[PDB]
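**Q** PDB, C-alpha atoms and all ligand atoms, file input_5.pdb:
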```
ATOM      1  CA  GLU B  16     113.155  83.531  82.751
ATOM      2  CA  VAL B  17     112.819  86.622  84.945
ATOM      3  CA  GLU B  18     113.273  90.073  83.509
ATOM      4  CA  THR B  19     114.244  92.926  85.850
ATOM      5  CA  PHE B  20     113.422  96.524  85.032
ATOM      6  CA  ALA B  21     114.150  99.894  86.610
ATOM      7  CA  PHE B  22     111.236 102.113  87.412
ATOM      8  CA  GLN B  23     111.357 105.495  85.765
ATOM      9  CA  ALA B  24     112.766 107.988  88.252
ATOM     10  CA  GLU B  25     109.430 109.711  88.723
ATOM     11  CA  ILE B  26     107.673 106.453  89.627
ATOM     12  CA  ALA B  27     110.405 105.471  92.058
ATOM     13  CA  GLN B  28     109.952 108.894  93.653
ATOM     14  CA  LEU B  29     106.180 108.371  93.898
ATOM     15  CA  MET B  30     106.742 105.018  95.577
ATOM     16  CA  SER B  31     109.241 106.516  98.026
ATOM     17  CA  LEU B  32     106.806 109.255  98.928
ATOM     18  CA  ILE B  33     104.061 106.733  99.573
ATOM     19  CA  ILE B  34     106.357 104.565 101.641
ATOM     20  CA  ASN B  35     107.959 107.325 103.676
ATOM     21  CA  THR B  36     105.294 109.998 104.214
ATOM     22  CA  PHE B  37     103.507 109.977 107.552
ATOM     23  CA  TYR B  38      99.908 109.383 106.616
ATOM     24  CA  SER B  39      97.472 107.549 108.814
ATOM     25  CA  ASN B  40      94.560 107.057 106.383
ATOM     26  CA  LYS B  41      96.052 103.981 104.705
ATOM     27  CA  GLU B  42      92.704 102.193 104.146
ATOM     28  CA  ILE B  43      92.159 104.058 100.883
ATOM     29  CA  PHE B  44      94.445 101.590  99.128
ATOM     30  CA  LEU B  45      91.517  99.200  98.864
ATOM     31  CA  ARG B  46      89.192 101.732  97.216
ATOM     32  CA  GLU B  47      91.936 102.499  94.717
ATOM     33  CA  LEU B  48      92.483  98.851  93.735
ATOM     34  CA  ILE B  49      88.768  98.157  93.557
ATOM     35  CA  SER B  50      88.317 101.224  91.341
ATOM     36  CA  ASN B  51      91.007  99.979  88.974
ATOM     37  CA  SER B  52      89.281  96.562  88.854
ATOM     38  CA  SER B  53      85.963  98.300  88.101
ATOM     39  CA  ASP B  54      87.595 100.292  85.243
ATOM     40  CA  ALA B  55      88.987  97.040  83.805
ATOM     41  CA  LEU B  56      85.582  95.356  84.121
ATOM     42  CA  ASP B  57      83.904  98.309  82.356
ATOM     43  CA  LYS B  58      86.387  97.840  79.487
ATOM     44  CA  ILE B  59      85.651  94.184  78.886
ATOM     45  CA  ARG B  60      81.952  94.792  79.307
ATOM     46  CA  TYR B  61      82.044  97.517  76.648
ATOM     47  CA  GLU B  62      84.154  95.439  74.218
ATOM     48  CA  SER B  63      81.792  92.467  74.721
ATOM     49  CA  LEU B  64      78.759  94.483  73.611
ATOM     50  CA  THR B  65      79.951  94.306  70.032
ATOM     51  CA  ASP B  66      82.028  91.130  70.188
ATOM     52  CA  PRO B  67      80.605  88.568  72.609
ATOM     53  CA  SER B  68      83.502  86.226  71.833
ATOM     54  CA  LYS B  69      85.644  88.381  74.075
ATOM     55  CA  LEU B  70      83.845  86.690  76.990
ATOM     56  CA  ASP B  71      84.889  83.219  75.874
ATOM     57  CA  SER B  72      87.627  83.582  78.528
ATOM     58  CA  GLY B  73      84.955  84.037  81.133
ATOM     59  CA  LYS B  74      81.480  85.561  81.203
ATOM     60  CA  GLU B  75      81.331  86.566  84.837
ATOM     61  CA  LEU B  76      82.331  90.139  85.736
ATOM     62  CA  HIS B  77      83.225  90.337  89.371
ATOM     63  CA  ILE B  78      85.692  91.282  92.088
ATOM     64  CA  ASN B  79      86.851  88.890  94.839
ATOM     65  CA  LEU B  80      88.692  89.893  98.022
ATOM     66  CA  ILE B  81      90.706  87.049  99.476
ATOM     67  CA  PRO B  82      92.460  87.446 102.838
ATOM     68  CA  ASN B  83      94.980  84.855 103.920
ATOM     69  CA  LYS B  84      96.281  85.199 107.470
ATOM     70  CA  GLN B  85      98.745  82.362 107.126
ATOM     71  CA  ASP B  86     100.480  83.931 104.136
ATOM     72  CA  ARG B  87      99.795  87.486 105.366
ATOM     73  CA  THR B  88      98.316  88.399 102.001
ATOM     74  CA  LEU B  89      95.274  90.215 100.751
ATOM     75  CA  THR B  90      94.412  89.374  97.191
ATOM     76  CA  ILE B  91      92.090  91.388  94.918
ATOM     77  CA  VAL B  92      90.935  89.391  91.896
ATOM     78  CA  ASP B  93      88.916  90.737  88.985
ATOM     79  CA  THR B  94      87.695  89.339  85.692
ATOM     80  CA  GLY B  95      88.279  92.570  83.822
ATOM     81  CA  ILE B  96      90.006  93.124  80.517
ATOM     82  CA  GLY B  97      93.503  92.271  81.745
ATOM     83  CA  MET B  98      96.777  93.726  80.658
ATOM     84  CA  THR B  99      99.322  92.677  78.041
ATOM     85  CA  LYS B 100     102.971  92.224  78.967
ATOM     86  CA  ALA B 101     103.717  95.501  77.261
ATOM     87  CA  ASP B 102     101.200  97.381  79.392
ATOM     88  CA  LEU B 103     102.518  95.767  82.574
ATOM     89  CA  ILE B 104     106.003  96.975  81.801
ATOM     90  CA  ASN B 105     104.662 100.392  80.848
ATOM     91  CA  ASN B 106     103.570 101.190  84.428
ATOM     92  CA  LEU B 107     100.704  98.685  84.619
ATOM     93  CA  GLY B 108      98.544 100.510  82.079
ATOM     94  CA  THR B 109      98.801 103.828  83.890
ATOM     95  CA  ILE B 110      99.951 107.281  82.794
ATOM     96  CA  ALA B 111     102.347 107.188  85.674
ATOM     97  CA  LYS B 112     104.937 109.754  84.677
ATOM     98  CA  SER B 113     102.491 112.538  83.883
ATOM     99  CA  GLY B 114     100.149 111.516  86.711
ATOM    100  CA  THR B 115     102.925 111.543  89.200
ATOM    101  CA  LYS B 116     103.992 115.081  88.159
ATOM    102  CA  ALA B 117     100.439 116.311  88.567
ATOM    103  CA  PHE B 118     100.012 114.563  91.938
ATOM    104  CA  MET B 119     103.236 116.104  93.268
ATOM    105  CA  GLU B 120     102.148 119.547  92.270
ATOM    106  CA  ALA B 121      98.753 118.957  93.879
ATOM    107  CA  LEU B 122     100.344 117.834  97.118
ATOM    108  CA  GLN B 123     102.001 121.274  97.178
ATOM    109  CA  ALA B 124      98.645 122.941  96.456
ATOM    110  CA  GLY B 125      97.057 121.350  99.509
ATOM    111  CA  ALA B 126      96.027 117.898  98.300
ATOM    112  CA  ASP B 127      96.559 114.784 100.310
ATOM    113  CA  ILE B 128      97.517 111.228  99.526
ATOM    114  CA  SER B 129      93.886 110.102  99.502
ATOM    115  CA  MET B 130      93.450 112.033  96.266
ATOM    116  CA  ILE B 131      95.994 109.872  94.396
ATOM    117  CA  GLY B 132      93.330 108.291  92.134
ATOM    118  CA  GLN B 133      92.615 111.694  90.573
ATOM    119  CA  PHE B 134      96.102 111.418  89.077
ATOM    120  CA  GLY B 135      95.799 107.889  87.600
ATOM    121  CA  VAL B 136      98.323 106.331  89.969
ATOM    122  CA  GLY B 137      96.106 104.967  92.709
ATOM    123  CA  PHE B 138      97.629 101.494  92.217
ATOM    124  CA  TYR B 139     100.836 102.659  93.928
ATOM    125  CA  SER B 140      98.885 103.330  97.123
ATOM    126  CA  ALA B 141      99.201  99.568  97.616
ATOM    127  CA  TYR B 142     102.629 100.410  99.135
ATOM    128  CA  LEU B 143     100.858 102.124 102.045
ATOM    129  CA  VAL B 144     100.171  98.626 103.386
ATOM    130  CA  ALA B 145     102.259  96.143 101.396
ATOM    131  CA  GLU B 146     105.963  95.388 101.511
ATOM    132  CA  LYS B 147     105.681  93.580  98.188
ATOM    133  CA  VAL B 148     102.995  93.572  95.502
ATOM    134  CA  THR B 149     102.514  90.895  92.840
ATOM    135  CA  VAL B 150     100.249  91.596  89.880
ATOM    136  CA  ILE B 151      99.185  88.613  87.801
ATOM    137  CA  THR B 152      97.275  89.426  84.655
ATOM    138  CA  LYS B 153      95.798  87.845  81.548
ATOM    139  CA  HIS B 154      94.469  89.744  78.523
ATOM    140  CA  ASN B 155      92.701  87.944  75.662
ATOM    141  CA  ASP B 156      95.529  89.004  73.286
ATOM    142  CA  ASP B 157      98.500  87.828  75.375
ATOM    143  CA  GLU B 158      99.769  85.254  77.823
ATOM    144  CA  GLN B 159      99.537  85.271  81.620
ATOM    145  CA  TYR B 160     102.262  87.336  83.264
ATOM    146  CA  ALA B 161     103.401  88.139  86.774
ATOM    147  CA  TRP B 162     104.767  91.540  87.737
ATOM    148  CA  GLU B 163     106.269  92.050  91.121
ATOM    149  CA  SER B 164     108.022  94.722  93.158
ATOM    150  CA  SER B 165     109.172  95.378  96.680
ATOM    151  CA  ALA B 166     109.944  98.938  95.624
ATOM    152  CA  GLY B 167     113.639  99.834  95.893
ATOM    153  CA  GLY B 168     113.653 101.029  92.307
ATOM    154  CA  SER B 169     113.003  97.845  90.398
ATOM    155  CA  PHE B 170     110.327  95.392  89.325
ATOM    156  CA  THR B 171     110.324  91.999  87.653
ATOM    157  CA  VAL B 172     108.221  90.412  84.979
ATOM    158  CA  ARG B 173     107.961  86.680  84.292
ATOM    159  CA  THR B 174     105.547  84.321  82.576
ATOM    160  CA  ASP B 175     103.245  83.241  85.300
ATOM    161  CA  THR B 176     103.387  79.685  86.598
ATOM    162  CA  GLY B 177     100.339  79.833  88.873
ATOM    163  CA  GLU B 178      96.788  78.898  88.236
ATOM    164  CA  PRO B 179      95.353  80.174  84.980
ATOM    165  CA  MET B 180      92.982  83.050  85.380
ATOM    166  CA  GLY B 181      91.088  82.937  82.171
ATOM    167  CA  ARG B 182      91.050  86.733  81.889
ATOM    168  CA  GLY B 183      91.599  89.530  84.382
ATOM    169  CA  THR B 184      93.998  90.704  87.068
ATOM    170  CA  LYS B 185      95.005  89.511  90.478
ATOM    171  CA  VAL B 186      96.807  91.878  92.871
ATOM    172  CA  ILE B 187      98.508  90.155  95.763
ATOM    173  CA  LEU B 188      99.400  92.402  98.665
ATOM    174  CA  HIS B 189     102.114  90.976 100.876
ATOM    175  CA  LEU B 190     101.251  93.028 103.896
ATOM    176  CA  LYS B 191     103.593  94.823 106.235
ATOM    177  CA  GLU B 192     103.661  93.234 109.683
ATOM    178  CA  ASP B 193     101.839  96.110 111.306
ATOM    179  CA  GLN B 194      99.109  96.213 108.664
ATOM    180  CA  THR B 195      97.347  92.929 109.386
ATOM    181  CA  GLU B 196      94.046  94.607 110.217
ATOM    182  CA  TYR B 197      93.405  94.460 106.463
ATOM    183  CA  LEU B 198      93.024  90.672 106.752
ATOM    184  CA  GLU B 199      90.186  90.949 109.237
ATOM    185  CA  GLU B 200      86.734  90.388 107.836
ATOM    186  CA  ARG B 201      85.028  93.158 109.776
ATOM    187  CA  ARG B 202      87.692  95.661 108.745
ATOM    188  CA  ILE B 203      87.489  94.803 105.070
ATOM    189  CA  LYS B 204      83.672  94.958 105.144
ATOM    190  CA  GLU B 205      83.839  98.358 106.822
ATOM    191  CA  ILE B 206      86.204  99.754 104.164
ATOM    192  CA  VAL B 207      84.216  98.376 101.225
ATOM    193  CA  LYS B 208      81.001  99.853 102.675
ATOM    194  CA  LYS B 209      82.674 103.214 103.322
ATOM    195  CA  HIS B 210      84.410 103.721 100.008
ATOM    196  CA  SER B 211      83.201 101.183  97.416
ATOM    197  CA  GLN B 212      79.456 100.848  98.105
ATOM    198  CA  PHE B 213      78.331 101.846  94.614
ATOM    199  CA  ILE B 214      80.784  99.850  92.506
ATOM    200  CA  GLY B 215      78.817  98.201  89.724
ATOM    201  CA  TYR B 216      80.131  94.652  90.023
ATOM    202  CA  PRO B 217      79.682  92.147  92.795
ATOM    203  CA  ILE B 218      82.410  92.246  95.425
ATOM    204  CA  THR B 219      82.692  88.998  97.316
ATOM    205  CA  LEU B 220      84.692  88.893 100.511
ATOM    206  CA  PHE B 221      86.003  85.358 100.975
ATOM    207  CA  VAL B 222      86.269  83.940 104.463
ATOM    208  CA  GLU B 223      88.914  81.815 106.003
TER     209      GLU B 223
HETATM  210  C1  LIG B 301      93.866 103.750  86.570
HETATM  211  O1  LIG B 301      94.707 103.045  85.717
HETATM  212  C2  LIG B 301      94.368 101.759  85.342
HETATM  213  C3  LIG B 301      95.253 101.097  84.505
HETATM  214  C4  LIG B 301      94.994  99.793  84.100
HETATM  215  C5  LIG B 301      93.824  99.179  84.522
HETATM  216  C6  LIG B 301      93.580  97.748  84.094
HETATM  217  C7  LIG B 301      93.657  96.575  84.904
HETATM  218  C8  LIG B 301      93.949  96.577  86.371
HETATM  219  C9  LIG B 301      95.060  97.303  86.812
HETATM  220  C10 LIG B 301      95.320  97.403  88.178
HETATM  221  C11 LIG B 301      96.608  98.053  88.648
HETATM  222  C12 LIG B 301      97.666  96.984  88.820
HETATM  223  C13 LIG B 301      97.084  99.167  87.746
HETATM  224  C14 LIG B 301      94.471  96.773  89.075
HETATM  225  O2  LIG B 301      94.675  96.940  90.413
HETATM  226  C15 LIG B 301      93.354  96.053  88.638
HETATM  227  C16 LIG B 301      93.107  95.952  87.270
HETATM  228  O3  LIG B 301      92.060  95.199  86.811
HETATM  229  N1  LIG B 301      93.394  95.509  84.174
HETATM  230  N2  LIG B 301      93.153  95.911  82.922
HETATM  231  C17 LIG B 301      93.263  97.227  82.815
HETATM  232  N3  LIG B 301      93.066  97.939  81.594
HETATM  233  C18 LIG B 301      92.087  98.971  81.492
HETATM  234  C19 LIG B 301      91.912  99.603  80.154
HETATM  235  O4  LIG B 301      91.375  99.299  82.436
HETATM  236  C20 LIG B 301      92.955  99.831  85.385
HETATM  237  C21 LIG B 301      93.215 101.136  85.794
END
```
In structure tokens, what does this structure look like?
**A**
Amino acid sequence: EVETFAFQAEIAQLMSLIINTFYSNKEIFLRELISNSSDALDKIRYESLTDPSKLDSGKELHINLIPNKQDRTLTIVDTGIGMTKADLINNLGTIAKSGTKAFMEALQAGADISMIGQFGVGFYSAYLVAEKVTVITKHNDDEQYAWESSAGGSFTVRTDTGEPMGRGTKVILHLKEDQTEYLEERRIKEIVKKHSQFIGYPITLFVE
């Protein structure tokens, strides 16, 4: 059972801009994804302060970066709050329509693509480096779902058939052929140190 949805026109336009604009500083995608993971981790941490049972689906709050050269994928896993199916469909928990309008106006007022996170839509920067993105998520109040898109105006949602995640979100970046530097350990370490050095959860870079 796979459900196919059209992106709202504004989101499709954001994705097209990201895909088509000449912009060399692509490495910021990682900071954006890691920031989203941190925000999700903050949410479960806060909820757990008053209801510890919310951690029954996993006590550890962390971020894992998993390169796979054989599959040409970089995977960002977190044990944050997760998203419901409804939130996945509704632009992955983001205020994407309003954020996109603001980002577009800013780009006219001198901003650059690296500022995308100021507009709540940093997730879509994944398309700087990925031909396809799969987001697998589990929230305590819902089942495990997989969202996926190769852009082109549509996305799919299905009940996930992979390994259970307990709680959290996994973003799988199916990298463009010319973007394989983002699978290299030294490159990933450099980017995390540059842009994500103060994130308040352990970031573990897996090796191959
Ligand atoms: C800035 O907008 C958002 C929107 C939603 C989340 C979010 C994620 C989550 C979302 C993404 C993207 C696919 C959007 C990701 O890369 C990693 C994540 O852990 N899980 N749970 C939540 N929910 C709350 C309340 O954070 C984070 C930031």
**Q** Which of these residues is nearest to residue 102 in chain B, using all atoms listed in the file: B:126, B:80, B:166, B:172?
**A**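 The answer is B:172, which sits nearest to residue 102 in chain B.
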**Q** Let me know the centre plus edge lengths, in Å and rounded to one decimal, of a box with edges along x, y and z that contains all listed atoms of range 205-209 of chain B and is padded by 6 Å on every side, as JSON.
**A**
```
{"center_x": 83.6, "center_y": 100.8, "center_z": 104.0, "size_x": 17.2, "size_y": 16.9, "size_z": 17.6}
```
**Q** Take the PyMOL selection byres (((chain B and resi 178-192) around 7) and not hetatm), run it mentally on this structure, and tell me the resulting residues as a PyMOL selection string.
**A** chain B and resi 72-73+87-97+144-155+176-177+193-195
**Q** Quick one, how far is atom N1 of ligand LIG 301 (chain B) from CA of residue 58 in chain B?
**A**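 Interatomic distance, atom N1 of ligand LIG 301 (chain B) to CA of residue 58 in chain B: 8.7 Å.
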**Q** Kindly provide, as a JSON list (two decimals) with C-alpha atoms, in the frame of the given file, the polymer residues lying within 12 Å of (77.7, 95.5, 94.1), counting all atoms listed in the file and using the coordinates exactly as they appear in the file.
**A**
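Output file part-v8.json follows:
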```
[["chain", "number", "residue", "atom", "x", "y", "z"],
["B", 49, "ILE", "CA", 88.77, 98.16, 93.56],
["B", 53, "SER", "CA", 85.96, 98.30, 88.10],
["B", 76, "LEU", "CA", 82.33, 90.14, 85.74],
["B", 77, "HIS", "CA", 83.22, 90.34, 89.37],
["B", 78, "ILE", "CA", 85.69, 91.28, 92.09],
["B", 79, "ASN", "CA", 86.85, 88.89, 94.84],
["B", 207, "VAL", "CA", 84.22, 98.38, 101.22],
["B", 208, "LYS", "CA", 81.00, 99.85, 102.68],
["B", 211, "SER", "CA", 83.20, 101.18, 97.42],
["B", 212, "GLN", "CA", 79.46, 100.85, 98.10],
["B", 213, "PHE", "CA", 78.33, 101.85, 94.61],
["B", 214, "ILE", "CA", 80.78, 99.85, 92.51],
["B", 215, "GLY", "CA", 78.82, 98.20, 89.72],
["B", 216, "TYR", "CA", 80.13, 94.65, 90.02],
["B", 217, "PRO", "CA", 79.68, 92.15, 92.80],
["B", 218, "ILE", "CA", 82.41, 92.25, 95.42],
["B", 219, "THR", "CA", 82.69, 89.00, 97.32],
["B", 220, "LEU", "CA", 84.69, 88.89, 100.51]]
```
**Q** Quick check, in Å to one decimal: how far apart do CA of residue 21 in chain B and CA of residue 133 in chain B lie?
**A**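 Separating CA of residue 21 in chain B from CA of residue 133 in chain B is a distance of 24.9 Å.
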**Q** Out of B:37, B:197, B:22, B:162, which residue has the shortest atom-to-atom distance to ligand LIG 301 (chain B) when counting only C-alpha atoms and all ligand atoms?
**A**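 Among the listed residues, the smallest separation from ligand LIG 301 (chain B) belongs to B:162.
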**Q** Using only C-alpha atoms and all ligand atoms, pick whichever of B:99, B:52, B:159, B:115 has the shortest atom-to-atom distance to ligand LIG 301 (chain B).
**A**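 Closest to ligand LIG 301 (chain B) of all the choices is B:52.
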**Q** With distances taken over all atoms listed in the file, which of B:114, B:81, B:19, B:63 is nearest to ligand LIG 301 (chain B)?
**A**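 Among the listed residues, the smallest separation from ligand LIG 301 (chain B) belongs to B:114.
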**Q** Could you state which residues are captured by the PyMOL selection byres (((chain B and resi 41) around 9) and not hetatm) in this file, as number ranges by chain?
**A** B: 38-40, 42-45, 129, 140-141, 143-144
**Q** Enumerate, as a list in words, the residues matched when the PyMOL selection byres (((chain B and resi 20) around 12) and not hetatm) is run on the file above.
**A**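 Here the PyMOL selection byres (((chain B and resi 20) around 12) and not hetatm) matches residues 17, 18, 19, 21, 22, 23, 24, 27, 103, 104, 105, 106, 162, 163, 164, 166, 167, 168, 169, 170, 171, 172 and 173 of chain B.
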**Q** Between CA of residue 201 in chain B and CA of residue 221 in chain B, measure the distance and give it in Å to one decimal.
**A**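 Computed distance, CA of residue 201 in chain B to CA of residue 221 in chain B, equals 11.8 Å.
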**Q** For residue 222 in chain B, please output as JSON, numbers by chain all residues within 10 Å (counting all atoms listed in the file; exclusion window: fewer than 6 positions along the same chain).
**A** {"B": [80, 81, 82, 83, 198, 199, 200]}
**Q** Tell me which of B:46, B:84, B:100, B:74 sits closest to residue 204 in chain B, counting only C-alpha atoms.
**A**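 Between B:46, B:84, B:100, B:74, the residue approaching residue 204 in chain B most closely is B:46.
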**Q** Using all atoms listed in the file for the distances, tell me which of B:32, B:121, B:136, B:206 is nearest to ligand LIG 301 (chain B).
**A**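 Ranked by minimum distance to ligand LIG 301 (chain B), first place goes to B:136.
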**Q** Need the shell around residue 25 in chain B: protein/DNA/RNA residues with any atom at most 9 Å away, counting all atoms listed in the file. Skip same-chain ones fewer than 6 positions apart. Format as an MDAnalysis selection string?
**A** chainID B and resid 111:113 115:116
